[PDB]
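Presented as structure tokens, the chain that follows is alone, the form solved without the ligand.
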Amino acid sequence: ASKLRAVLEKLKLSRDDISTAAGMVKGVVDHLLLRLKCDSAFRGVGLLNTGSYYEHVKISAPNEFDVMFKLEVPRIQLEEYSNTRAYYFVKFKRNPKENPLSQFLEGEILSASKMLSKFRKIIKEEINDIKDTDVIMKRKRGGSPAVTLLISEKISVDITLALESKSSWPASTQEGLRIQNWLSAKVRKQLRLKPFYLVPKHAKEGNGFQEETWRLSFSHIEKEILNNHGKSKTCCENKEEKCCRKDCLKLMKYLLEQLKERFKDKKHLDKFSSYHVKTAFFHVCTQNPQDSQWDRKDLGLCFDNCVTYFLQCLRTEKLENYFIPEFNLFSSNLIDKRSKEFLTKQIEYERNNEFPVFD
């Protein structure tokens, strides 16, 4: 426990670096938004307030940030891709109205590739003119042109485009977000009245990966639940209600980062991310809904409880998306058997040796 605390204290030492790089990133993205909204294809584009920094849980890599630009899209209908539950084709129910996105259709289908290509292009053009310092664009691959920026200092910013839908959440989410006994049924009702998002993400398809498919995203809900996280409305707003929920999440994230860094020459950990750890953490909150199960003085147990849960997920190769229960983040489609066995082994070693990877 003392060791765990020491690790947390240490992680605090990165806060200023990260905060300053973020404080620059906001400048770059604000400039970017300003320009992007002038394009007829994106005039309603806005910043979505989501992500590890916004959740007060970005603990390392100040050179690295994730941002989502949301784009309100006029009334859409979704068609599931196979029975993947998380991947969809986007269609407009149409309304013979002026639709600035018609130039990205494939008949009925809103092409993620064309959208991304325009997004990438405009971003490319609007950066060279200096705000702050200097900025480049890395060119990756995948099923489409994604966008990663290089704010000169090697500050890497991933930009994700996300369609916003103000309609009811898809049926695949019906049994998800099981927070009723933790955060309350009225809260679940409220959250599910909020919009949901769609990000352009190629779905796997037989040794390759095809289609202009979109994946459901609930980053805004994850942020709300992380920052308003207790059964008590005043959890963490006073000295008598300090829980260790956020610290346990930070510890799990740090465990994963440190293991990835250690084995950065093998490729076995490449497919794991803080999203897996966050998802497992949310399930553990569902399992342990009472604030008294997250007493600060119990940091040691609470952390072990997360680790154990994650291990079981790894061992069983099942980690349900917290919002889409039948979407398995650890399915063989997404993560290979060897990566999962290897992480299982390393986490077992760490747990069995008082977590050497921390010191």
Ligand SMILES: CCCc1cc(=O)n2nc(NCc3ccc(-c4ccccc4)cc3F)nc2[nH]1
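All residue numbers are counted from 1 along the displayed sequence. Take the two forms, superpose them, and find the largest set of C-alpha atoms that agree within 1.5 Å; that set is the rigid core.
- Omission of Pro325 is seen in none of the other entries compared for this protein where the adjacent residues are built, far below a third.
- When the other compared entries with both flanking residues are checked, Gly51 is unmodelled in at least a third.
- Averaged over Cα atoms, the B-factor as recorded in the entry is higher for 148 to 156 than for the other of 148 to 156 and 232 to 240.
- Looking at 177 to 185 and 255 to 263 together, the entry lists the larger mean B-factor for 255 to 263, computed on C-alpha atoms.
- Highest C-alpha temperature factor among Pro195, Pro170, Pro74, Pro200, as the PDB entry reports it: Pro74.
- Taking only the listed residues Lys223, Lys93, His283, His268, the entry reports the highest CA temperature factor at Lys93.
- Ranked against the other modelled residues of its chain, the C-alpha B-factor of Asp291 as given in the entry falls in the lowest third.
- Among all modelled residues in this chain, the alpha-carbon of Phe42 has a temperature factor (C-alpha) in the middle third.
- Ranked against the other modelled residues of its chain, the C-alpha B-factor of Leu105 as given in the entry falls in the highest third.
- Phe89: CA B factor in the middle third of modelled residues in this chain (values from the PDB entry).
- Remark: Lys345 belongs to the middle third of its chain, ranked by C-alpha B-factor as recorded.
Just so it is clear, the following notes concern the form solved in complex with the ligand, a form of the same protein that is not shown.
- With a 4.5 Å cutoff on heavy atoms, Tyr275 counts as touching the ligand in the deposited complex.
- Remark: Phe196 does not count among the residues lining the ligand in the deposited complex, judged by a heavy atom distance of 4.5 Å or less.
- Interface residue remark: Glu222 is counted as part of the site for the ligand in the deposited complex, having a heavy atom within 4.5 Å.
- In the deposited complex, at least one heavy atom of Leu329 sits within 4.5 Å of a heavy atom of the ligand.
- Proximity to the ligand in the deposited complex, taken as a non-hydrogen atom within 4.5 angstroms, holds for one residue of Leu216, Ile76, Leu110, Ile127, which is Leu216.
- Interface residue among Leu32, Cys306, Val45, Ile324 relative to the ligand in the deposited complex, by the heavy atom within 4.5 Å criterion: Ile324.
- Although the ligand is not shown here, in the deposited complex the stretch 281 to 312 places heavy atoms of just one residue, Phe282, within 4.5 Å of it.
- Once you line up the core between the shown form and the other one, the CA of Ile59 is the only one from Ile324, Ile59, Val307, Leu299 that shifts by 2 Å or more.
- Superposition of the core reveals a Cα shift of less than 2 Å for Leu216 between the shown form and the other one.
- Fitting the two forms on the rigid core leaves the C-alpha of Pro145 displaced by at least 2 angstroms between the shown form and the other one.
- Relative to the displayed conformation, the Cα-Cα distance from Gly51 to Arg296 grows by 3 Å or more in the deposited complex.
- In the deposited complex, the CA atoms of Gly143 and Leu116 draw together by 3 angstroms or more relative to this form.
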